[PDB]
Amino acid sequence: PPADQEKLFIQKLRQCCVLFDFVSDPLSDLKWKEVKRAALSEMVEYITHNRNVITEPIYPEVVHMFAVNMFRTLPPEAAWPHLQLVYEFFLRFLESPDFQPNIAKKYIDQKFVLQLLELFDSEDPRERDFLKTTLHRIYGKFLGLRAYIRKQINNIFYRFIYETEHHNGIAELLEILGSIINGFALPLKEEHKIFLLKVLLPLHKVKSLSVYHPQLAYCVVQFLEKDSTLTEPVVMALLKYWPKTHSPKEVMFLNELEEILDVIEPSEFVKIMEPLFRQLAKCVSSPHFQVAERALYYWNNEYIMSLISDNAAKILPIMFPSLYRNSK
């Protein structure tokens, strides 16, 4: 009945929107940073454990407090203790069982998720981890934003492939998409298939592939476990984007290629087995021992030897030409 408990919550949220920086007096600055850090810690534990505290007027105050503190200009950081508490408070706000997306959708709009994506270019890996979790939760709770979030993530990827070729959050964004792909509907819609062929595959061309390669490979494998039909244009694309210059970079392609073979269908294997083992034979005879060791590890794979024993008439003449011939 009395809004004293709700009014104090709104007071402390609005108090955290004061970007004061006292300067001049160092003691007053430390006192201000303390009371803001204390208020944030108080609200974090309050919203996590107390029940029925997220009332309807609380929603616009939380989103405003997050926007005033987080949506800033990225430096080219000593204020991280405050930033981390705001990420934690917002995450506990989204994860609360009392959180109602029907109310927060009025304030978690497209303009909000756009400014949230701009923060993924932060150089701080701790910040990108909080952004990764935050956007993953917004996607899963706001169906009216899922189409927009997928569209804007692609715009960041198209710019990263054909323009700037510089973005520090490529790995975190790909980690989010891996959970969306794992839940894709039965007949993969055309939007998702165009995303695989024209976004995920061209991501192997960028020079900085070594930074987001584990995440990129996971999205490619999950696409083939949903629809095995896409195995042929994926494998042929990796062979196209394969580093013709023998370098340690092609060890990453060998890992992605075995992870694909672990989920490939037999009927889909025979359609690309010849061009694949022709590249694989080039790796087992490569001057770089590190890439030959990784290729020779394919024989240790139990499932891969089964596909070779079933296609020995065509695969063996390619791997060991001095010992096996072929004909009609």
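Basically, rigid core = biggest C-alpha set you can superpose within 1.5 Å across the two forms. Note that residue numbering begins at 1 and tracks the sequence as displayed.
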_Do the Cα atoms of 132-140 or of 179-187 sit farther, on average, from the shown structure in 7 other deposited structures of this protein when the rigid core is superposed?_
179-187
_Between 284-292 and 36-44, the one whose CA atoms sit farther away in 7 other deposited structures of this protein (rigid core aligned)_ = 284-292
*Other entries modelling both neighbours but not residue 1, at least a third*: yes
_Can you count the deposited residues that have no coordinates between residue 76 and residue 77 and report it as none, 1 to 3, 4 to 9, or 10 or more?_
10 or more
*Looking at the entry, does 282-290 or 22-30 show the higher mean C-alpha B-factor?*
22-30
_Residue stretch of maximal mean CA temperature factor, 312-320 vs 9-17_ = 312-320
*Could you tell me which one of 255, 84, 134, 155 shows the highest CA temperature factor in the PDB record?*
155
*For the listed residues 227, 95, 172, 118, which one has the largest C-alpha B-factor as given in the deposited model?*
227
*residue 261's Cα B-factor: lowest, middle or highest third of the chain?*
middle
*Based on the entry's values, in what third of the chain does the Cα temperature factor of residue 50 lie: lowest, middle or highest?*
middle
*asked:* Splitting the chain's C-alpha B-factors into thirds, which one does residue 300 fall into?
replied: middle
*asked:* Using the temperature factors of the C-alpha atoms in this entry, rank residue 128 within its chain: lowest, middle or highest third.
replied: lowest
_Entry-reported Cα temperature factor of residue 89, expressed as the chain third it lands in_ = lowest
